[PDB]
Amino acid sequence: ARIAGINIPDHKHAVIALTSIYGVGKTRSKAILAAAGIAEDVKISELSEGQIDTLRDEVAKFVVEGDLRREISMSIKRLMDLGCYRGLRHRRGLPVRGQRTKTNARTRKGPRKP
Amino acid sequence: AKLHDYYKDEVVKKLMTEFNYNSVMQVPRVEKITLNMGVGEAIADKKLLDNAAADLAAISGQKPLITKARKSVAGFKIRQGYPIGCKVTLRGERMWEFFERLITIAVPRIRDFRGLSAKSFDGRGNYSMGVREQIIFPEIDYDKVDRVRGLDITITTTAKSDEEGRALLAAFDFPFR
Amino acid sequence: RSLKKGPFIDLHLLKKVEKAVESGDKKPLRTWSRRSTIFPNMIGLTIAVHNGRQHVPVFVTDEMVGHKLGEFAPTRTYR
Amino acid sequence: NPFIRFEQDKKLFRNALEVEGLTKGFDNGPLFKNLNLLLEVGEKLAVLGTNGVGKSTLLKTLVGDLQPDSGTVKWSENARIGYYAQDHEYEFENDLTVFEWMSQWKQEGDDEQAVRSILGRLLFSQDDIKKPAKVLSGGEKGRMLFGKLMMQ
Amino acid sequence: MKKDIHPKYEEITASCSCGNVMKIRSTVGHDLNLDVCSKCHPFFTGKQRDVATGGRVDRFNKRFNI
RNA sequence: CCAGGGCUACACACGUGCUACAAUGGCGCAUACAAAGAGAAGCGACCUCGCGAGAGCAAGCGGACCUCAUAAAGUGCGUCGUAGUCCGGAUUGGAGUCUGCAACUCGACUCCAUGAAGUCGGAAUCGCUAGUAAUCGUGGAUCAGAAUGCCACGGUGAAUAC
RNA sequence: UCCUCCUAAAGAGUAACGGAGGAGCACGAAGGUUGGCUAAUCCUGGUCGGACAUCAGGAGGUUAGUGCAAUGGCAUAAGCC
Ligand SMILES: [Mg+2]
Ligand SMILES: [Mg+2]
Ligand SMILES: [Mg+2]
Ligand SMILES: [Mg+2]
Ligand SMILES: [Mg+2]
Ligand SMILES: [Mg+2]
Ligand code: NA
């Protein structure tokens, strides 16, 4: 149980244990496991170490924790420097896809401040 | 050791023909390596200084000396005698071993490494460098550590100028710019 | 976001670009077209768009290609 | 008046105790047989009886240093248990100062405050934070236990 | 040295993942396997591979299927 | 009369709602049962392509025949074993689909990833007496496109009223 | 009542309701001896770290220090282990 960042979850199914990687969800985990030749119902601590090595390269053909964060930060920092409308909303801390800020948008704003 | 006899056999000749000296010992030689950090946050958590001392003992095979504040300064609310930092001086065989094991493995393990600056000399052939984090060193298992404490490496050579210090350090395959 | 084929712009600005590219950099173009995307034959220009009441001269840099002309003309003043 | 205040590290929600059957015994017929009960994050349930019934051994079974003859107790996966024993002599030993005893606890706290401050909030001074732990008397030992609970 | 105040010190084989056997004294207690050393570090080979974050006209052109 | 913008602005407050905080539940597999209504510059099977929104071809129907249109809770099998979790779905990055001259302001929907607050809610306050409350789905108008709203239909189906 | 400087006129002393500050202690080591060491403050280089923490070189040199006010003294240190 050791993948790019960390595969902390033992005692869990390999399909959901792989979700701990920043960049793999549910379908990607199924895509990873299907090409690994192992069933989706096997527990991480039960599968042999002859498949974890075959998983690290299968995880490696995607974008994952260490470098995915940098990639998306470059995308946001681009718009901030670009001066786009999304950049202005990203700089202020408001919704960027054009929804209500009259009453909603507490998720993007945070707790109220009188 | 390996870096020491590499220096003896090759660097002496290289620098001698480079600078057109006249004596065997006119070539600059590195005389010591100092590794320190002033933890600063030992005002209230004296165990932090012990943890840093253990980190330095693991990194280099010596027991660190605990350095105390020389003069009371009211800006950082410290006074005389407060243990503030830790320091280790390496000379000879241990200095050469650490010199090998730093620039062969520890520097490559730097996240997004690009190169050490060449204008970081104090004007007398001395070099200084900040590793910014203690996790890169192979003596650390990335899980025992608890903080982001970093060292301050200082290479003290007998060079008479920053030019000769640059030449000596570039003779040892330093990753400059 | 728009359609699979045919990136949509306005003719009156497309023809105005072809006159500007030959003459090079000049006085800014006062165009009301906001719904027109940017093409590589406009990089480095000084086109001006409408925010509702006045024209703001924008400088088309390298990265502003897929975006639209109105994407850099905020239309409401806040604080 | 010693200012003592018990905080909460992590708040558990559903229920805590949920014990089914203990039937603990030492020499005679078990002092109790079933004692099936729930907690529901309530308050107290002040166990009581007469001298020699076995309330202390019931608490020992609940806290787990003594296990029943056959049964299940279990706690919530987020449950953090502070324990103030009826007799506490296994604690005040090994010849530590008051400061050292009170500092052997604590999760992430500065050595000079938040541990020398919890001592002063309960009737202690500089002339007392250096006397040995194994010499305080009665109520002072109890107050030290309260302090360890406040920090845990 | 000063007679057992220090940690231990011994020779440990520290080879790369691409060969590169390097016997270095250290204080770990176990042989270790790590990434490339500066001998095979990707520093002089990715000088332009690292400076590649960019490109919008090129990815707009491929979108211009018409 | 025309183009562009606004009605969509946000330190905040109130009213009406939707989705939840889970285990009489999520998820995967297989299998049942409805009512009502609309459709001609409109509903558009079947087949092929696409993981999917959808695209190509395209009969039938201005209709008890043809399309919308697979109803969903349910039932049986397995797993998850009370964790901020295989609950939750906000927000954000990337890639797209279709109406439309035109999607930045400011559409809907699909895919990959991220995946927050929330673990039954203070003073106070609202609805309901039977096929009702609760709960699950379906359709229509306005409509090029654009509802968690409005109007309407059925499935399951209570407790209590001294 | 006691201590330090000036008035006090280059030996000592010298008054005023003349000009300025302190004391009624501390220490079982802050005493004895042996061995060892030299400060303030500025420059550059350096991870958090900033004008100022700690590290390395340079200048400077006693401008630091002396349990406590001032005067005299102190490197052979009377200063620091
Ligand atoms: Mg309105
Ligand atoms: Mg005289
Ligand atoms: Mg005289
Ligand atoms: Mg003395
Ligand atoms: Mg002496
Ligand atoms: Mg003396
Ligand atoms: Na008892």
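Residues numbered from 1 in each chain as written, not as in the entry; some residues may be left out. Chains lettered and ligands numbered in written order. Part of a larger assembly, values for the part shown. Heavy atoms only, no water. Residues with missing side-chain atoms left out of burial classes, pairs and counts.

Structure determination for this entry is recorded as cryo-EM, at 3.3 Å resolution.

Colleague: Is there a simple way to think about the pairing of strand β5 (residues 152-157) of chain B in this case?
Modeller: Each regular strand displays side chains that alternate between the two surfaces of the sheet. Residue and element names in this part refer to chain B. Note: strand β1 (residues 30-38) against β5, 6 bridges, orientation antiparallel. When the bridges of β5 are listed, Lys 32 appears paired with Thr 156. Where strand β4 (residues 127-129) lies against β5, 3 bridges are found, and the strand directions are antiparallel. By the bridge assignment for β5, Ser 128 is matched with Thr 154. (Pairing = 2+ DSSP bridges. Helix = DSSP H or I, 4+ residues; strand = E, 2+ residues; numbered from the N terminus.)

Colleague: Hey, could you run me through the state of the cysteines in this one?
Modeller: A disulfide bridge is the covalent bond that connects two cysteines by way of their sulfur atoms. Residue and element names in this part refer to chain E. This model, assessed by the stated rule, comprises 0 disulfides over all chains. With no disulfide of its own, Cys 18 lies 4.6 Å from the sulfur of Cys 16, the closest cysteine sulfur. Taking the relative accessible area as the measure of exposure, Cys 18 reaches 57% and is therefore exposed. (Disulfide = S-S within 2.5 Å. Buried < 20%, exposed > 50% of the residue type's maximum accessible area, 1.4 Å probe, protein only.)

Colleague: What exactly am I supposed to notice about the interface of chain E and chain B here?
Modeller: The extent of an interface is frequently quoted as the accessible surface area lost upon association of the parts. Between chain E and chain B, the contact holds 22 residues from the first and 18 residues from the second. Together chain E and chain B conceal approximately 1800 Å² of surface at their shared face, both sides included; 57% is due to carbon and sulfur atoms. Across the chain E-chain B interface, the total number found is 2 salt bridges. When the shortest N-O distance is used, the salt bridge between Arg114(B) and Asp50(E) registers 3.7 Å. At the surface where chain E touches chain B, the tally comes to 8 residue pairs in polar contact. (Contact = heavy atoms within 4.5 Å. Buried area = accessible area lost by both parts, 1.4 Å probe. Salt bridge = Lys/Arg side-chain N within 4 Å of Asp/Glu carboxyl O. Polar contact = N/O pair within 3.5 Å; in protein donor to acceptor, adjacent residues only side chain to side chain.)

Colleague: How should the coordination of the sodium ion (ligand 7) be read in this particular structure?
Modeller: Ideal values for angles at a metal depend on the geometry: 109.5 degrees with four tetrahedral donors, 90 or 180 degrees with six octahedral donors. All names here are of chain D. The protein atoms donating to the sodium ion (ligand 7) are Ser 56 (OG), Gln 86 (OE1) and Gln 86 (NE2), with metal-donor distances spanning 2.2 to 3.2 Å. On the criterion of sequence distance, the pair formed by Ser 56 in helix α1 (residues 55-63) and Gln 86 in the loop between α1 and α2 (98-103) is long-range, its members being 30 residues apart. Owing to a relative accessible area of 69%, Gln 86 belongs among the exposed residues under this scheme. (Donors = N, O, S within 2.8 Å, 3.2 Å for Na, K, Ca; no water.)

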